[PDB]
Amino acid sequence: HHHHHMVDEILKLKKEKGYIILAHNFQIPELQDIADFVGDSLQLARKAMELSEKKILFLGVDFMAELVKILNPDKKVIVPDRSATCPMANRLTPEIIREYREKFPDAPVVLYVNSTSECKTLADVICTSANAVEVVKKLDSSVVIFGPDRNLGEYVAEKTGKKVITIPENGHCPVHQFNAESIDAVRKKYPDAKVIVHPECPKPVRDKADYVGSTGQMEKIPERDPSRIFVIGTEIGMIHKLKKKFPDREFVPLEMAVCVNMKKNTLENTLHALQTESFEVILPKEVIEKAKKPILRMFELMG
Ligand SMILES: O=C(O)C1=C(C(=O)O)N=CC(=S)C1
Ligand SMILES: [Fe+3]
Ligand SMILES: [Fe+3]
Ligand SMILES: [Fe+3]
Ligand SMILES: [Fe+3]
Ligand SMILES: [S]
Ligand SMILES: [S]
Ligand SMILES: [S]
Ligand SMILES: [S]
């Protein structure tokens, strides 16, 4: 009843006030369902650039909303919880980047998308887990500085054969610290299941999986693998996304993994956001201009 009210009022206010809702794959199912588009940060950013609308309600975490805003400076971007962020990303700082640039002056600074917008202004190129391998492959260098995620950096080193110098020391994602034993357990319980895990997972988990890929990659695997059952080693939000796309197959969480910050967004605070038209994502224009360069480098090296 209340969700029915909240859902209908959200759909009403989004229509009335000219907002497009963009939701990340890790949002709760109820917010994914009222979104105009659901996707990874790259898909959502690219999508934003194509919109005729000048108003965006973004449903994810701050670095993502800011990625949208940097590529769409003249659109009004709001979020329902202004504290939704990536705690581990904020362990990488400007001074660590400067320090490592000095020591390895010829190593391009490749920053993972979860990095703060301030940190992005000091990068040579941005990447996501979808494109990180391709991006580091096409750089001239045989050595790269990579942060903030150490597991993704080592994965990239593995697949490119390049030297990846990770920063900071011990940057990792709690959400993807799956037990390797959990894979052994599912392979006996579901013998024919395909295990897909995120490259942020530790090396023993990746190496025992049938596929390693980001959320965008995970959702393309059933387009080419006919298996009836997939075991999914990422954040719980992707199970709903996959089930919706491929109703014919079964998706089983490797374990329950919840990103607390992603779950800060609710139907209630989303409705408040459309009522009040807050909270606006504002970056100093200087940050937009400086962060935009390594982002455009990323597309140049992708496309
Ligand atoms: O690319 C994305 O949207 C992200 C993904 C993804 O796999 O799509 N995973 C983790 C983060 S922090 C962001
Ligand atoms: Fe995070
Ligand atoms: Fe993350
Ligand atoms: Fe993560
Ligand atoms: Fe997270
Ligand atoms: S995150
Ligand atoms: S992350
Ligand atoms: S994440
Ligand atoms: S997270």
# chains A, B, ... in the order shown; residues from 1 in each chain; ligands from 1

$ residues_near_ligand --ligand "ligand 8" --cutoff "12 Å" --atoms "only C-alpha atoms and all ligand atoms" --output "JSON, numbers by chain"
{"A": [24, 25, 26, 27, 40, 41, 60, 61, 63, 64, 85, 86, 87, 88, 89, 112, 113, 114, 115, 128, 129, 148, 149, 152, 172, 173, 174, 175, 176, 177, 198, 199, 200, 201, 214, 215, 233, 234, 235, 236, 237, 238, 257, 258, 259, 260, 261, 262, 263]}

$ select_by_dssp --residues "region 102-134 of chain A" --states "alpha helix (DSSP H)" --output "ChimeraX atom specification"
/A:102-103,117-120,132-134

$ residues_around --residues "residue 108 (chain A)" --least-positions-apart "6" --cutoff "9 Å" --atoms "only C-alpha atoms" --output "PyMOL selection string"
chain A and resi 101+123-125+139+141+143-146

$ write_last_selection --atoms "C-alpha atoms" --output "short mmCIF file (atom, residue, chain, number, x, y, z; two decimals), in the first residue's frame"
data_model
loop_
_atom_site.label_atom_id
_atom_site.label_comp_id
_atom_site.auth_asym_id
_atom_site.auth_seq_id
_atom_site.Cartn_x
_atom_site.Cartn_y
_atom_site.Cartn_z
CA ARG A 101 54.07 10.02 -9.87
CA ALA A 123 44.67 10.93 -13.13
CA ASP A 124 45.95 10.32 -16.65
CA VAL A 125 43.04 8.00 -17.47
CA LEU A 139 48.43 2.66 -23.18
CA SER A 141 53.52 2.11 -21.21
CA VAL A 143 54.12 0.04 -16.28
CA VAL A 144 51.08 1.79 -14.79
CA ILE A 145 50.04 3.32 -11.47
CA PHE A 146 46.61 1.96 -10.60
#

$ closest_residue --among "A:5, A:194, A:241, A:187" --to "ligand 1" --atoms "only C-alpha atoms and all ligand atoms"
A:241

$ select_by_dssp --residues "region 114-165 of chain A" --states "strand (DSSP E or B)" --output "ChimeraX atom specification"
/A:125-127,143-147,163-165

$ closest_residue --among "A:111, A:298, A:130, A:282" --to "residue 165 (chain A)" --atoms "only C-alpha atoms"
A:111

$ decode --residues "region 1-21 of chain A" --atoms "N, CA, C and O atoms" --output "JSON list (two decimals), in the first residue's frame"
[["chain", "number", "residue", "atom", "x", "y", "z"],
["A", 1, "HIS", "N", 0.84, -1.24, 0.00],
["A", 1, "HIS", "CA", 0.00, 0.00, 0.00],
["A", 1, "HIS", "C", 0.86, 1.26, 0.00],
["A", 1, "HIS", "O", 0.65, 2.13, -0.86],
["A", 2, "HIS", "N", 1.79, 1.37, 0.95],
["A", 2, "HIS", "CA", 2.66, 2.56, 1.07],
["A", 2, "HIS", "C", 3.67, 2.62, -0.08],
["A", 2, "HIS", "O", 3.93, 3.72, -0.58],
["A", 3, "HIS", "N", 4.24, 1.48, -0.44],
["A", 3, "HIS", "CA", 5.15, 1.41, -1.59],
["A", 3, "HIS", "C", 4.35, 1.75, -2.83],
["A", 3, "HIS", "O", 4.87, 2.45, -3.68],
["A", 4, "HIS", "N", 3.10, 1.29, -2.90],
["A", 4, "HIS", "CA", 2.21, 1.60, -4.03],
["A", 4, "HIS", "C", 2.04, 3.11, -4.13],
["A", 4, "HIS", "O", 2.19, 3.66, -5.23],
["A", 5, "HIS", "N", 1.74, 3.77, -3.01],
["A", 5, "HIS", "CA", 1.65, 5.23, -2.92],
["A", 5, "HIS", "C", 2.99, 5.83, -3.30],
["A", 5, "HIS", "O", 3.05, 6.67, -4.20],
["A", 6, "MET", "N", 4.06, 5.40, -2.64],
["A", 6, "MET", "CA", 5.41, 5.96, -2.89],
["A", 6, "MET", "C", 5.82, 5.76, -4.34],
["A", 6, "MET", "O", 6.28, 6.71, -4.96],
["A", 7, "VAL", "N", 5.63, 4.56, -4.89],
["A", 7, "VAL", "CA", 5.94, 4.30, -6.30],
["A", 7, "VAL", "C", 5.14, 5.22, -7.21],
["A", 7, "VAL", "O", 5.75, 5.88, -8.02],
["A", 8, "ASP", "N", 3.81, 5.26, -7.07],
["A", 8, "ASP", "CA", 2.93, 6.08, -7.94],
["A", 8, "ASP", "C", 3.26, 7.57, -7.83],
["A", 8, "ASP", "O", 3.23, 8.28, -8.84],
["A", 9, "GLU", "N", 3.55, 8.04, -6.62],
["A", 9, "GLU", "CA", 3.84, 9.47, -6.40],
["A", 9, "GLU", "C", 5.21, 9.80, -7.03],
["A", 9, "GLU", "O", 5.34, 10.86, -7.66],
["A", 10, "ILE", "N", 6.18, 8.88, -6.92],
["A", 10, "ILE", "CA", 7.50, 9.03, -7.58],
["A", 10, "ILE", "C", 7.32, 9.13, -9.09],
["A", 10, "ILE", "O", 7.85, 10.06, -9.71],
["A", 11, "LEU", "N", 6.56, 8.20, -9.67],
["A", 11, "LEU", "CA", 6.32, 8.18, -11.13],
["A", 11, "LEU", "C", 5.58, 9.45, -11.56],
["A", 11, "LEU", "O", 5.87, 10.00, -12.63],
["A", 12, "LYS", "N", 4.68, 9.93, -10.71],
["A", 12, "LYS", "CA", 3.91, 11.16, -10.97],
["A", 12, "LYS", "C", 4.83, 12.38, -10.93],
["A", 12, "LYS", "O", 4.85, 13.17, -11.88],
["A", 13, "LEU", "N", 5.58, 12.53, -9.84],
["A", 13, "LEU", "CA", 6.47, 13.69, -9.67],
["A", 13, "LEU", "C", 7.60, 13.69, -10.69],
["A", 13, "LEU", "O", 7.96, 14.78, -11.14],
["A", 14, "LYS", "N", 8.11, 12.52, -11.10],
["A", 14, "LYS", "CA", 9.20, 12.46, -12.10],
["A", 14, "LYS", "C", 8.69, 12.94, -13.45],
["A", 14, "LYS", "O", 9.44, 13.63, -14.16],
["A", 15, "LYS", "N", 7.46, 12.57, -13.79],
["A", 15, "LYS", "CA", 6.79, 13.02, -15.03],
["A", 15, "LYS", "C", 6.58, 14.52, -14.95],
["A", 15, "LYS", "O", 7.06, 15.27, -15.81],
["A", 16, "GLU", "N", 5.86, 14.93, -13.92],
["A", 16, "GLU", "CA", 5.46, 16.32, -13.69],
["A", 16, "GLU", "C", 6.66, 17.28, -13.76],
["A", 16, "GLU", "O", 6.56, 18.34, -14.41],
["A", 17, "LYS", "N", 7.80, 16.91, -13.16],
["A", 17, "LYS", "CA", 8.94, 17.84, -12.98],
["A", 17, "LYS", "C", 10.09, 17.61, -13.99],
["A", 17, "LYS", "O", 11.15, 18.24, -13.85],
["A", 18, "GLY", "N", 9.89, 16.74, -14.97],
["A", 18, "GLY", "CA", 10.83, 16.56, -16.08],
["A", 18, "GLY", "C", 12.13, 15.86, -15.72],
["A", 18, "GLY", "O", 13.16, 16.15, -16.36],
["A", 19, "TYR", "N", 12.09, 14.92, -14.76],
["A", 19, "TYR", "CA", 13.28, 14.14, -14.34],
["A", 19, "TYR", "C", 13.35, 12.81, -15.06],
["A", 19, "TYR", "O", 12.32, 12.15, -15.22],
["A", 20, "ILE", "N", 14.56, 12.42, -15.46],
["A", 20, "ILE", "CA", 14.92, 11.04, -15.83],
["A", 20, "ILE", "C", 15.64, 10.40, -14.65],
["A", 20, "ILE", "O", 16.61, 10.99, -14.13],
["A", 21, "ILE", "N", 15.20, 9.21, -14.24],
["A", 21, "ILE", "CA", 15.79, 8.45, -13.13],
["A", 21, "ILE", "C", 16.81, 7.46, -13.71],
["A", 21, "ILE", "O", 16.46, 6.70, -14.61]]
